[PDB]
>>> print(open('model30.csv').read())   # CSV, C-alpha atoms
chain,number,residue,atom,x,y,z
A,172,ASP,CA,142.8,103.2,-19.1
A,173,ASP,CA,140.0,103.5,-21.6
A,174,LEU,CA,140.5,107.1,-23.1
A,175,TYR,CA,144.3,107.0,-22.6
A,176,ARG,CA,145.3,104.4,-25.3
A,177,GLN,CA,143.4,106.8,-27.6
A,178,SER,CA,145.7,109.6,-26.5
A,179,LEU,CA,148.7,107.3,-26.8
A,180,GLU,CA,148.0,106.4,-30.4
A,181,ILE,CA,147.4,110.0,-31.4
A,182,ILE,CA,150.7,111.2,-30.0
A,183,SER,CA,152.7,108.3,-31.4
A,184,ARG,CA,151.4,108.7,-34.9
A,185,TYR,CA,151.8,112.4,-35.1
A,186,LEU,CA,155.3,112.1,-33.8
A,187,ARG,CA,156.2,109.1,-36.1
A,188,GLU,CA,154.8,110.9,-39.2
A,189,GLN,CA,156.8,114.0,-38.3
A,190,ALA,CA,160.0,112.1,-37.8
A,191,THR,CA,159.5,110.1,-41.0
A,192,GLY,CA,158.2,113.2,-42.9
A,193,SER,CA,155.5,111.1,-44.5
A,194,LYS,CA,152.0,110.1,-43.5
A,195,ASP,CA,151.3,106.6,-42.4
A,196,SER,CA,149.1,104.4,-44.7
A,197,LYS,CA,147.4,102.3,-41.9
A,198,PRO,CA,144.0,103.4,-40.4
A,199,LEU,CA,144.3,104.7,-36.7
A,200,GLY,CA,142.3,101.7,-35.3
A,201,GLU,CA,142.3,102.3,-31.5
A,202,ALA,CA,141.2,105.9,-31.3
A,203,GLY,CA,138.2,105.5,-33.6
A,204,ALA,CA,136.0,108.5,-34.6
A,205,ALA,CA,137.1,110.7,-31.6
A,206,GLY,CA,140.9,110.2,-32.0
A,207,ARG,CA,141.3,110.4,-35.7
A,208,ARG,CA,139.5,113.8,-35.8
A,209,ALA,CA,142.1,115.3,-33.3
A,210,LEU,CA,145.0,113.9,-35.3
A,211,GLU,CA,143.7,115.9,-38.3
A,212,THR,CA,143.5,119.0,-35.9
A,213,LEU,CA,146.9,118.2,-34.3
A,214,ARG,CA,148.6,118.0,-37.7
A,215,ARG,CA,147.1,121.3,-38.5
A,216,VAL,CA,147.9,123.2,-35.2
A,217,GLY,CA,151.2,121.4,-34.2
A,218,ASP,CA,152.8,122.2,-37.6
A,219,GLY,CA,152.1,125.9,-37.1
A,220,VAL,CA,153.4,125.8,-33.6
A,221,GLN,CA,156.5,124.1,-34.9
A,222,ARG,CA,156.8,126.7,-37.6
A,223,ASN,CA,156.0,129.6,-35.4
A,224,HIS,CA,158.4,128.7,-32.7
A,225,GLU,CA,161.1,127.0,-34.7
A,226,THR,CA,163.8,129.2,-33.1
A,227,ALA,CA,162.5,128.9,-29.6
A,228,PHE,CA,162.1,125.2,-30.2
A,229,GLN,CA,165.7,124.9,-31.5
A,230,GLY,CA,167.0,126.8,-28.6
A,231,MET,CA,165.5,124.3,-26.1
A,232,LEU,CA,166.4,121.1,-28.0
A,233,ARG,CA,170.0,122.3,-27.7
A,234,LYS,CA,170.1,122.8,-23.9
A,235,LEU,CA,168.5,119.4,-23.4
A,236,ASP,CA,171.3,117.3,-24.9
A,237,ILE,CA,168.9,114.6,-26.0
A,238,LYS,CA,170.3,111.1,-26.6
A,239,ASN,CA,169.2,108.1,-24.5
A,240,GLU,CA,165.9,107.0,-22.9
A,241,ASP,CA,166.6,108.8,-19.6
A,242,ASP,CA,166.9,112.1,-21.4
A,243,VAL,CA,163.4,111.3,-22.6
A,244,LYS,CA,162.2,110.5,-19.0
A,245,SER,CA,163.9,113.7,-17.9
A,246,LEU,CA,162.0,115.7,-20.6
A,247,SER,CA,158.8,114.1,-19.4
A,248,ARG,CA,159.5,115.9,-16.1
A,249,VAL,CA,160.1,119.4,-17.6
A,250,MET,CA,156.7,118.9,-19.2
A,251,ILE,CA,155.1,117.9,-15.9
A,252,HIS,CA,156.6,121.1,-14.4
A,253,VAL,CA,154.8,123.3,-17.1
A,254,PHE,CA,151.5,122.8,-15.3
A,255,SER,CA,152.7,123.4,-11.8
A,256,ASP,CA,151.4,127.0,-12.0
A,257,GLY,CA,147.9,125.5,-11.8
A,258,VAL,CA,147.0,126.4,-15.3
A,259,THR,CA,145.9,123.8,-17.9
A,260,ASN,CA,144.8,124.6,-21.4
A,261,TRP,CA,145.1,123.1,-24.9
A,262,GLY,CA,147.6,125.7,-26.1
A,263,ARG,CA,150.0,124.2,-23.5
A,264,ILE,CA,148.9,120.7,-24.2
A,265,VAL,CA,149.4,121.0,-28.0
A,266,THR,CA,152.6,122.9,-27.6
A,267,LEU,CA,153.9,120.0,-25.5
A,268,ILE,CA,153.1,117.5,-28.4
A,269,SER,CA,154.4,119.9,-31.1
A,270,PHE,CA,157.7,119.9,-29.2
A,271,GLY,CA,157.6,116.1,-29.0
A,272,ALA,CA,157.3,116.2,-32.8
A,273,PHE,CA,160.2,118.6,-33.1
A,274,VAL,CA,162.4,116.4,-30.8
A,275,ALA,CA,161.3,113.2,-32.6
A,276,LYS,CA,162.5,114.7,-35.9
A,277,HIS,CA,165.8,115.4,-34.3
A,278,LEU,CA,165.9,111.8,-32.9
A,279,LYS,CA,165.5,110.2,-36.4
A,280,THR,CA,168.0,112.8,-37.6
A,281,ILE,CA,170.6,111.6,-35.1
A,282,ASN,CA,169.9,107.9,-35.7
A,283,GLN,CA,167.8,107.4,-32.6
A,284,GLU,CA,164.5,106.5,-34.3
A,285,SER,CA,163.7,104.1,-31.5
A,286,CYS,CA,163.6,106.8,-28.8
A,287,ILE,CA,160.6,108.3,-30.6
A,288,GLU,CA,158.2,105.7,-29.0
A,289,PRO,CA,159.5,106.1,-25.4
A,290,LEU,CA,159.0,109.9,-26.1
A,291,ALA,CA,155.4,109.5,-27.2
A,292,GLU,CA,154.5,107.4,-24.1
A,293,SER,CA,155.9,109.9,-21.6
A,294,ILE,CA,154.1,112.8,-23.2
A,295,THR,CA,150.9,110.7,-23.0
A,296,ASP,CA,151.8,109.5,-19.6
A,297,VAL,CA,152.5,113.1,-18.5
A,298,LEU,CA,149.2,114.5,-19.5
A,299,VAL,CA,146.9,111.6,-18.7
A,300,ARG,CA,148.6,110.6,-15.5
A,301,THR,CA,148.8,114.1,-14.1
A,302,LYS,CA,145.9,116.0,-15.7
A,303,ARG,CA,143.3,113.2,-15.9
A,304,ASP,CA,140.4,115.3,-14.4
A,305,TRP,CA,141.1,118.4,-16.4
A,306,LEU,CA,141.1,116.3,-19.6
A,307,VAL,CA,137.8,114.7,-18.5
A,308,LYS,CA,136.1,118.0,-17.8
A,309,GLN,CA,136.6,119.0,-21.5
A,310,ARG,CA,135.0,115.9,-23.1
A,311,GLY,CA,138.6,114.9,-23.7
A,312,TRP,CA,139.9,114.9,-27.3
A,313,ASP,CA,136.5,116.3,-28.4
A,314,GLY,CA,137.3,119.5,-26.5
A,315,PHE,CA,140.7,119.7,-28.1
A,316,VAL,CA,139.0,119.6,-31.6
A,317,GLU,CA,136.4,122.3,-30.7
A,318,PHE,CA,139.1,124.5,-29.2
A,319,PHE,CA,141.1,124.5,-32.4
A,320,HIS,CA,138.1,124.5,-34.8
A,321,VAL,CA,139.2,127.6,-37.0
B,73,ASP,CA,163.3,124.7,-18.5
B,74,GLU,CA,164.7,127.5,-16.2
B,75,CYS,CA,162.9,130.2,-18.2
B,76,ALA,CA,159.3,129.0,-18.5
B,77,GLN,CA,159.5,128.8,-22.4
B,78,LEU,CA,157.1,125.9,-23.1
B,79,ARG,CA,154.6,127.2,-20.6
B,80,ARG,CA,154.7,130.7,-22.1
B,81,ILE,CA,154.4,129.3,-25.7
B,82,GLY,CA,151.6,127.1,-24.5
B,83,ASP,CA,149.9,130.2,-23.2
B,84,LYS,CA,150.5,132.1,-26.4
B,85,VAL,CA,149.1,129.3,-28.5
B,86,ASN,CA,146.2,129.4,-26.1
B,87,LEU,CA,145.9,133.3,-26.4
B,88,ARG,CA,145.9,133.4,-30.2
B,89,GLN,CA,143.2,130.7,-30.4
B,90,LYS,CA,141.1,132.4,-27.6
B,91,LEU,CA,141.2,135.6,-29.7
B,92,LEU,CA,140.1,133.5,-32.8
B,93,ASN,CA,137.2,131.7,-31.0
>>> encode(input="model30.csv", output="structure tokens")
Amino acid sequence: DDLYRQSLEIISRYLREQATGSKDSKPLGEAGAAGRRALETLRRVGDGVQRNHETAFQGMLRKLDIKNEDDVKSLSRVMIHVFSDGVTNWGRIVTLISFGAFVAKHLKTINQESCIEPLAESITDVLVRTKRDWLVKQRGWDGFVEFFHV
Amino acid sequence: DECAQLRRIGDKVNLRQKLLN
């Protein structure tokens, strides 16, 4: 998986920086030019998503009593189910990650900092393993960045 | 996600941008 490790490192970092509230000081070295650009975009849009839907988000994080790793694998599924209607777009995609972030904050909050990495993987695994050909038809992370340019 | 909340937010985030592009 060439352009998946690039997705993985994007989601892990956004989620880690959100949980830890501070930006990481090490360069994002396995996403390169393409992937660092989208992190800049993701930070921008995902923080608005989080801020715009803070109540909706909070409502859902409640219902999914989120503790161990299986709760994470379970959430992965919910996310798979989002796209069942046959529709794929970045709004969805980003919203999925923004929620990751939200949840990841909660995880560090409830002393489960180490469930944040399994969470990142599933999100990545969800998208890339289920929506490979949609992602590809958009020039991947480049499309993400051009969608949210504004 | 009994009520399609995340999808519907996804689509709203997509709508707002669409109307911005």
>>> closest_atom_pairs(input="model30.csv", of="chain B", to="chain A", cutoff="6 Å", atoms="only C-alpha atoms", output="CSV")
residue,atom,partner,partner_atom,distance
B:79,CA,A:253,CA,5.2
B:82,CA,A:263,CA,3.5
B:83,CA,A:262,CA,5.8
B:85,CA,A:262,CA,4.6
B:86,CA,A:262,CA,4.0
>>> residues_around(input="model30.csv", residues="stretch 290-303 of chain A", least_positions_apart="6", cutoff="6 Å", atoms="only C-alpha atoms", output="ChimeraX atom specification")
/A:179,182-183,243,247
>>> atom_distance(input="model30.csv", atom1="atom CA of residue A:185", atom2="atom CA of residue A:284")
14.0 Å
>>> atom_distance(input="model30.csv", atom1="atom CA of residue A:191", atom2="atom CA of residue A:282")
11.9 Å
>>> build_atoms(input="model30.csv", residues="chain B", atoms="N, CA and C atoms", output="PDB file, keeping the file's coordinate frame")
ATOM      1  N   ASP B  73     163.702 123.505 -17.708  1.00  0.00           N
ATOM      2  CA  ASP B  73     163.300 124.700 -18.500  1.00  0.00           C
ATOM      3  C   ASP B  73     163.281 125.934 -17.576  1.00  0.00           C
ATOM      4  N   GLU B  74     164.492 126.352 -17.183  1.00  0.00           N
ATOM      5  CA  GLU B  74     164.700 127.500 -16.200  1.00  0.00           C
ATOM      6  C   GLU B  74     163.833 128.698 -16.509  1.00  0.00           C
ATOM      7  N   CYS B  75     163.827 129.158 -17.768  1.00  0.00           N
ATOM      8  CA  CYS B  75     162.900 130.200 -18.200  1.00  0.00           C
ATOM      9  C   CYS B  75     161.688 129.442 -18.769  1.00  0.00           C
ATOM     10  N   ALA B  76     160.509 129.824 -18.278  1.00  0.00           N
ATOM     11  CA  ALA B  76     159.300 129.000 -18.500  1.00  0.00           C
ATOM     12  C   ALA B  76     158.848 129.035 -19.976  1.00  0.00           C
ATOM     13  N   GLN B  77     159.722 128.578 -20.888  1.00  0.00           N
ATOM     14  CA  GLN B  77     159.500 128.800 -22.400  1.00  0.00           C
ATOM     15  C   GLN B  77     158.320 128.075 -22.903  1.00  0.00           C
ATOM     16  N   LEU B  78     158.247 126.777 -22.622  1.00  0.00           N
ATOM     17  CA  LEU B  78     157.100 125.900 -23.100  1.00  0.00           C
ATOM     18  C   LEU B  78     155.792 126.357 -22.477  1.00  0.00           C
ATOM     19  N   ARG B  79     155.786 126.741 -21.207  1.00  0.00           N
ATOM     20  CA  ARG B  79     154.600 127.200 -20.600  1.00  0.00           C
ATOM     21  C   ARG B  79     154.086 128.380 -21.424  1.00  0.00           C
ATOM     22  N   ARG B  80     154.991 129.356 -21.518  1.00  0.00           N
ATOM     23  CA  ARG B  80     154.700 130.700 -22.100  1.00  0.00           C
ATOM     24  C   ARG B  80     154.321 130.578 -23.600  1.00  0.00           C
ATOM     25  N   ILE B  81     154.885 129.616 -24.317  1.00  0.00           N
ATOM     26  CA  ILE B  81     154.400 129.300 -25.700  1.00  0.00           C
ATOM     27  C   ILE B  81     153.039 128.706 -25.597  1.00  0.00           C
ATOM     28  N   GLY B  82     152.873 127.719 -24.717  1.00  0.00           N
ATOM     29  CA  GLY B  82     151.600 127.100 -24.500  1.00  0.00           C
ATOM     30  C   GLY B  82     150.529 128.173 -24.286  1.00  0.00           C
ATOM     31  N   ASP B  83     150.825 129.141 -23.430  1.00  0.00           N
ATOM     32  CA  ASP B  83     149.900 130.200 -23.200  1.00  0.00           C
ATOM     33  C   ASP B  83     149.635 131.134 -24.328  1.00  0.00           C
ATOM     34  N   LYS B  84     150.665 131.320 -25.153  1.00  0.00           N
ATOM     35  CA  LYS B  84     150.500 132.100 -26.400  1.00  0.00           C
ATOM     36  C   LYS B  84     149.687 131.457 -27.431  1.00  0.00           C
ATOM     37  N   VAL B  85     149.903 130.155 -27.607  1.00  0.00           N
ATOM     38  CA  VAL B  85     149.100 129.300 -28.500  1.00  0.00           C
ATOM     39  C   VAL B  85     147.649 129.348 -28.004  1.00  0.00           C
ATOM     40  N   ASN B  86     147.481 129.297 -26.682  1.00  0.00           N
ATOM     41  CA  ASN B  86     146.200 129.400 -26.100  1.00  0.00           C
ATOM     42  C   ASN B  86     145.592 130.849 -26.321  1.00  0.00           C
ATOM     43  N   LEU B  87     146.413 131.889 -26.154  1.00  0.00           N
ATOM     44  CA  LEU B  87     145.900 133.300 -26.400  1.00  0.00           C
ATOM     45  C   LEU B  87     145.432 133.494 -27.810  1.00  0.00           C
ATOM     46  N   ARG B  88     146.270 133.167 -28.804  1.00  0.00           N
ATOM     47  CA  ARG B  88     145.900 133.400 -30.200  1.00  0.00           C
ATOM     48  C   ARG B  88     144.603 132.705 -30.655  1.00  0.00           C
ATOM     49  N   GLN B  89     144.425 131.441 -30.248  1.00  0.00           N
ATOM     50  CA  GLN B  89     143.200 130.700 -30.400  1.00  0.00           C
ATOM     51  C   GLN B  89     141.999 131.378 -29.671  1.00  0.00           C
ATOM     52  N   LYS B  90     142.177 131.694 -28.384  1.00  0.00           N
ATOM     53  CA  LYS B  90     141.100 132.400 -27.600  1.00  0.00           C
ATOM     54  C   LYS B  90     140.597 133.591 -28.390  1.00  0.00           C
ATOM     55  N   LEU B  91     141.512 134.393 -28.952  1.00  0.00           N
ATOM     56  CA  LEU B  91     141.200 135.600 -29.700  1.00  0.00           C
ATOM     57  C   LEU B  91     140.637 135.264 -31.145  1.00  0.00           C
ATOM     58  N   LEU B  92     140.696 133.983 -31.510  1.00  0.00           N
ATOM     59  CA  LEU B  92     140.100 133.500 -32.800  1.00  0.00           C
ATOM     60  C   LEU B  92     138.743 132.820 -32.548  1.00  0.00           C
ATOM     61  N   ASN B  93     138.459 132.364 -31.322  1.00  0.00           N
ATOM     62  CA  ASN B  93     137.200 131.700 -31.000  1.00  0.00           C
ATOM     63  C   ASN B  93     136.034 132.670 -30.553  1.00  0.00           C
TER      64      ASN B  93
END
